[PDB]
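Alright, two takes on the same chain below, each alone as structure tokens: structure 1 and structure 2.
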Structure 1
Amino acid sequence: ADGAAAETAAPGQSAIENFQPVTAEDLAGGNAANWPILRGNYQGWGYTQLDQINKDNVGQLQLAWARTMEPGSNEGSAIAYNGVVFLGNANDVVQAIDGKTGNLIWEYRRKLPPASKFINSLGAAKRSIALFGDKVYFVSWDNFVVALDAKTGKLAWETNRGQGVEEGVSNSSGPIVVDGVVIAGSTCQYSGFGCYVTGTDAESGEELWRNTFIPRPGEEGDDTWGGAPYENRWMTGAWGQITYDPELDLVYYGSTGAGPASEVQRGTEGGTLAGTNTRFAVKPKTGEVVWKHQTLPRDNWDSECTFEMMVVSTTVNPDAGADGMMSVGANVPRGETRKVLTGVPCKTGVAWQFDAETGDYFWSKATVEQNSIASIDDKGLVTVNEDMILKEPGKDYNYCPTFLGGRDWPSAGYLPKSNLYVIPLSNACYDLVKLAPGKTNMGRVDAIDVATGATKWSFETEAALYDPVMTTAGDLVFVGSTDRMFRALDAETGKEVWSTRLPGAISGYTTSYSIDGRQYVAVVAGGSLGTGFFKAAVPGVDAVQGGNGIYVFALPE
């Protein structure tokens, strides 16, 4: 009762009352109350500075609100900004929801062709939308870059990148926006060609640049494809998460492998496949490549070196004797502070550290059991294990990890107070699925000292996790599992300090935001491609898909 009339905000058909344009400072992490990009900041940390919820009170966390989401693979993220959650659902449904109450504000529903016409169903999942200025940005299953008005959800512009639906190019991770350029990778997992990263003007929709990865006869690296004709080089894309450093003004992404996985079937025997499984640092306005490094050459294992890599500042002091250390860079600047690009880029589970500005190699370290990499030298040159390349049809090829890792898309998090990189992993191997030798627990989270490479703790549990982490200033790590358990761990020890259990597998991202001084922890759940993948190895756990939704927790008031 305000005036004598009933003022209403009809759910799904309303506007945000007060929307303030999103700035580069917001996206660099400038307002701890918000989570305006997939990993909280451009630099990829997956961290919240909010500490209302901490190791002493997290045991009291209760369900504040939840809301049903579209059916399908539910890998998305609650992108939170000034009291509104912007939520990419499966099937190109995008919602704005009041972050305090759970009331739907607006809902955009894309009109799509029937699912049967898409040769690449991976684009039906949507790990994130992006924010910039006055618009919400996403890449559609049919391969358009799309901008919606943030206040109302109405379509602003859409740009068809080409080759979606029947030709198989799509996007599953979502774009980021840097200084007015929407940057988006692609998946072309089922296509007889490679794909790209594009930059598109955020206000006009004009494509500004497009980077591809497969060299052509005449270009540097063509001689590393084993003589395979250019038209037999397939599936190399960049489907993972994009990060960015504002000060260096460098965008970071990784390309993937070539398809099929067997080099004999591809006709690339002996080829290291320049352009594949390469970490690029590029300028956002033009796509110009500044530096690059191939983290998995001659891939025969669908290793997909496209996952997020973090920009952090650390003392550089790798311990050559740390568990899993592969090598230390020849002239590492020991004892100095550097801005580094660091993390695990590929399913194989090997963590890498480079100078963020120059690409100089500092170190690499294995986590899970792996046998595709025989060694890495002091310049970061990887030598693969010839005995894991399929040659004779009758031999046993016991590869570690698997096509789901190791790691896969589920993201790591960073704890700046302890300088720890925290990564969710799977202790799996398979016949080129089973538990890796000596492991009884499929699910694993490792916490690695970014300065030394030493593993400080490891949490393990029977069920596969296959879900991102979120790190917090409250000394907590949140992580979900295939058997529906949503946990908080003590960030100092890895020990479980709280849990709940949701209707389905915890399959999407965890984010955190504050409204009126109250901290909320939002997780997307229901199921993904991974939920049922570990069943042969872990039959005893109640891993089930269903109940797709956003679920938001907070402390009692």
Structure 2
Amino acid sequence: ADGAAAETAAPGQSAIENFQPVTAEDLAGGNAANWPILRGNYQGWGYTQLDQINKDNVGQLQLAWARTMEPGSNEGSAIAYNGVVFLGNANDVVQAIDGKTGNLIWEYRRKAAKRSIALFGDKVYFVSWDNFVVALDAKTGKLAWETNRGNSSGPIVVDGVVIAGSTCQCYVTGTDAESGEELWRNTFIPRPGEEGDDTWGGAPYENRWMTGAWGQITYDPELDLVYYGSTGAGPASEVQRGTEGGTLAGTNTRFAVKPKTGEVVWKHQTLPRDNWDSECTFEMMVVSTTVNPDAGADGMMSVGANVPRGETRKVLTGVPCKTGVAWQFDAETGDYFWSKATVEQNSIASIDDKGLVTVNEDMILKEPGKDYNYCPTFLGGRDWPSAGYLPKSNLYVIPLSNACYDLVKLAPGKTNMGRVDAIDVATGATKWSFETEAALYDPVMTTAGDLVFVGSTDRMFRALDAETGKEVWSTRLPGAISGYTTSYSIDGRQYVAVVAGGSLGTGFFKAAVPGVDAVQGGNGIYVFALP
């Protein structure tokens, strides 16, 4: 009862009433009420500053609303912006949903997994199944433009440049956010003539290929540096590749690049000679910290020769590969500060004090009758499920799997498959570790309420105490908690949104841990809030 007519908003065929264009400052985390990019900010923190939900009341969390999502692998994220959730579904379905009520607003359906869409200005951006960079009108969901390049993690947009990697089975492109025009494209495999071609064991260029889903891009505004990682070469066996002895320059390399041009500023290969599908493409965070690595910390591999001990530095830090080794670099220069193993791993025999990795020759397939007991696995260790950062305690919080595989089983001495480590970013010391019988295989979200949210393959959605790792709240969803957790605020109410239902990884871990009720189904966004 406004006018005498019934004003309506037909779900799926409506427009956002008030859409404000998304800025660089939004994407840098400038509005705690929103979660406008995969990890909450450009810098990859996976953090919300919202603290209405905290250690004291999280035990009271209830289900506010949920909504069914497309069937298939459900690894996506509830991107939230001024009361609207922008939700990438499987099968290139993109929805705008009222973040308070769960009413569908609009739905774009293109003619599997989508980990995120991206926001910038007045448009919603994603990379489709048929390798188009696509822009939708944010307000209405109508197609604005699409450019055929020739993904699963989703782009980010930096100052009007849509940056998007590629699934390799291999490049990263920058595309104008308003016109659709491709601006640049970076490739990784050196051609004979370029530096590094001699690291490919004599394999002819036309027979080299890379393989791996492309990972999460992060960004530092002040340095104006985009960070991504490249994957390994395929197939995984260097004998089958014809690259025996080859360290494979270009592969499994962390790049820092200029967003307007793709120009490479610094790079560092975090895993040469990959024989283990290590995919060093996962998110690396930009954080400021005192630089004080403890050479005697558990798992520490080496400390950089001239590390700026005691100084404050903006660093690029985190675990880039399935191997589970955390790295820390100077964000601006790429100077190597330190590296630290987490899970049991035996593909890296050592890392010297300049960050040069030496792989374990004994884990390279040579004799077919020999036993090759590799740790971790093609699922990690870590995998694409993202870490989170707790700026209040300077902790890097990463979900892991305690697994090993014959080159899928629990690692030696581990009864719990699922694991979350919290690592001091200043010292590299592990401050706490949460473990549980089922594999997690799901991102975390860190919060200013001193909480860590994480889901599991046997459907448990948990909040951990960020100071101790102890579980303080849990619920259980219809299927494996397979997607991302985000948080946003509307009318003073903090919402915690998680995407669940199952993924490719759900079944591999249903097999290794036979005692847990890991099952797929009920794809959906599920949103929690206090009473």
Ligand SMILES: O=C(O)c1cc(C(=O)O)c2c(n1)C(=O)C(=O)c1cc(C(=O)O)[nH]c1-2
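C-alpha atoms forming the largest set that superposes within 1.5 Å between two forms make up the rigid core. Please note that residue numbering is based on structure 1, beginning with 1 at the start of its sequence.
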Structure number, where the criterion is the form deposited without the ligand: 2
Only residue that shifts (Cα, 2 Å or more, rigid core superposed) between structure 1 and structure 2, among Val544, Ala9, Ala24, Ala536: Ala536
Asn277 C-alpha shift between structure 1 and structure 2 of 2 Å or more, rigid core reference: no
C-alpha of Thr236 moved at least 2 Å between structure 1 and structure 2 on rigid core: yes
